[PDB]
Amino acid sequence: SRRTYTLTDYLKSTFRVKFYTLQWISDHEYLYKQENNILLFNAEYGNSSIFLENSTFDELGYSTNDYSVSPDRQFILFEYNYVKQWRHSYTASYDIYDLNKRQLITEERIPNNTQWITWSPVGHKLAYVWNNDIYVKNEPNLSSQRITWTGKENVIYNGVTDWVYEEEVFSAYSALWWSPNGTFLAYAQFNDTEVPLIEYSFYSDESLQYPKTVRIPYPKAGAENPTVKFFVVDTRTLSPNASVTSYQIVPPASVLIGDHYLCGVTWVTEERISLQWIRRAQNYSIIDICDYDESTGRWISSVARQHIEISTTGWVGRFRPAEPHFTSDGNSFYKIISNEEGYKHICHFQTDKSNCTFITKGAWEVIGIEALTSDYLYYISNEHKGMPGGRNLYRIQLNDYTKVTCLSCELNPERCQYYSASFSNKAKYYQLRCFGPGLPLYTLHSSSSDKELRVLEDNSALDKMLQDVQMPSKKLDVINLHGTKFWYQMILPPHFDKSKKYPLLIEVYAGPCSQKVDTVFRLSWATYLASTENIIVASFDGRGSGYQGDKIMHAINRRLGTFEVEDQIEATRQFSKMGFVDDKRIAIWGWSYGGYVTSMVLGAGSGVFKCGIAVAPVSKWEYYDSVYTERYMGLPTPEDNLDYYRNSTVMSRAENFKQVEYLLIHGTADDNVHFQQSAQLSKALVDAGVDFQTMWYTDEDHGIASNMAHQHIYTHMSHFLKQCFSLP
């Protein structure tokens, strides 16, 4: 009998996966929210005490969306009235609560509609952005000091990013960086004066008689980009009747000569800051390490302290160049860069010398550097078992790079093959986060002995619940395409009968450096499709995919829509020969870059796919943003790459859609992949005489994530697939 995992199970999150979020606040203590109380845990012995009782929240009078405790632990910030903006940005109201006198501060309160706020790294100073300008509050009860006066809606942004820097460069809204001891406050200023505006209708509540027009400075491929300025403010002199003491640091001449982006800021010491810049082409970046000159207040650059990173086969880094990890003294740093074999590994650099020494090597890649001490460097890589979709924490001895230990590989080999980690200050302890293939497992460890101190969350509750349900299994393996081994995964229906022929849904992402095949545990729409509807859902990482070296990743350089699309077709062709696949019922779907590939695949005329669903797809590269698009395609000009921009549109393949059943879905308020992309695509299909189906989602953005829209789109897509597969 047994219950299966149903669409409703997926949509209502009936089977809850638990996690354990902690905030390290010292080298051996972390804050954790439990039953709405804020508890202070001591790692040394496992004991804890109440840091803030939940009664305090009952007393506030508003739904508290989040909180942040001052480093000296004297104050806590309460965030409420949360209003989402783009992928990372939002605005909110904030109250500061005095933990000593356990009273709420009511004098000189933080303004409503605040865009960003952060405590200094030590003490309890605050810096925040409001109306695009920066403000600094030395004391929670004292008036704040305005730092910038140029902030202007849709034009000048001080301390927060504009749309494209938020989405494609920083992957954050914040653009301010306090120095380690709070002496200086660095910030970036973005100028969008010349950037064209994307405009679209937002309908709002039914009572709004006239729709509003949203306007966002958004540079599409080849358009005018925002400019940026970087400043370091000496906060020691801030005073109501004092001017602001600040110094502008410009990029090195090799980047200054043309359009560029600021892509990284790293404080090294109180008097040394590292700036990472990249040319608009994105195959040339430079790290500039500037020293504070105490006699003049300026920040000095030197050719000796500059480090260039380039790429001859594609772009630099995965989505941006990797960040440098400096030693405490700041005289050298470690950073992931492509080695001579095209694999991303850790290189050790001396701050004032240009050559580096690789400390890791092999046909696998380091994902990120997690922590560094005078004696060891901790990092995550997919070296274990040589599987690119796995992740483990390793520790390397700095005085002898040949001494490397895998700290997580053998803890729970069958249950845990994909880890992330979080270290306390000075890396004395670490939380290990196991995400699959079994149920997520959160544990705490001691770095001095590498003993597991305790299990923080093991998902025993979920485990129980799932025993009564017929869950599908997820299998990973490899296939060969053009002489290269590539990975795939299949979510297989319960009681999988190798004998029977099942319909097959290809779920696709496939963007540059994408990784859709991994050992992560997920309760997804695919889980329901396999468990209840008996559909095999497969994914494949082909050319252009990441974490397998530049030869694979850079294969689609300057030619998006070619090899990654062809590989999905070839992989599927091989899947359709495995014997348990009903070749009469093969579909493909994807969101975003996956919607573009899904559409390009359906437009290929391969005869492999009966139907497909594209959600919020890119349809023509000139419609997407400059930073992302140009990174992989260059400029849409005849002198550069216009030809490949032109024959990589989905519209160019309209005629082939006559042989397939297609469902095109898009939110009308998508600020990222504009509804325009699907509107131009449908128009080309209508012009070619192609019948297909559509579904717009009013006022939904790129995530089509409102609670009702989320339920609606998956329900609608389930119906479409089941009709395509003749499933009742």
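By rigid core we mean the largest C-alpha set that fits within 1.5 Å across both forms. One-based numbering along the sequence shown.
Colleague: Core fit done; bigger CA RMS in 6 other deposited structures of this protein for 157-165 or for 491-499?
Modeller: Of the two stretches, the larger average C-alpha offset in 6 other deposited structures of this protein falls on 491-499.
Colleague: Could you check which stretch, 14-22 or 700-708, carries the larger mean CA temperature factor in the entry?
Modeller: Averaged over C-alpha atoms, the B-factors run higher in 14-22.
Colleague: Averaged over C-alpha atoms, is the B-factor higher for 461-469 or for 434-442 in this PDB entry?
Modeller: In the deposited entry, the stretch with the higher C-alpha B-factor mean is 461-469.
Colleague: Using only the C-alpha B-factors in the record, can you name which of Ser204, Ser174, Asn100, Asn392 has the highest?
Modeller: Answer, based on the entry's C-alpha B-factors: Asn100.
Colleague: Pick out which of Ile552, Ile96, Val155, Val597 has the highest C-alpha B-factor in the PDB entry.
Modeller: Answer, based on the entry's C-alpha B-factors: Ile96.
Colleague: Split into thirds by Cα B-factor across the chain's modelled residues, where does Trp299 land: lowest, middle or highest?
Modeller: Within its chain, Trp299 is a middle-third residue by C-alpha B-factor, going by the deposited values.
Colleague: Would you mind ranking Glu199 by its C-alpha B-factor against the rest of the chain and naming the third, lowest, middle or highest?
Modeller: Within its chain, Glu199 is a lowest-third residue by C-alpha B-factor, going by the deposited values.
Colleague: Split the chain's modelled residues into thirds by Cα B-factor; is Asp687 in the lowest, middle or highest one?
Modeller: It falls in the middle third of the chain.
Colleague: Quick check for you: using the entry's CA B-factors within this chain, is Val160 in the lowest, middle or highest third?
Modeller: Its C-alpha B-factor belongs to the lowest third of this chain's values.
Colleague: Based on the entry's values, in what third of the chain does the Cα temperature factor of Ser678 lie: lowest, middle or highest?
Modeller: Within its chain, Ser678 is a lowest-third residue by C-alpha B-factor, going by the deposited values.
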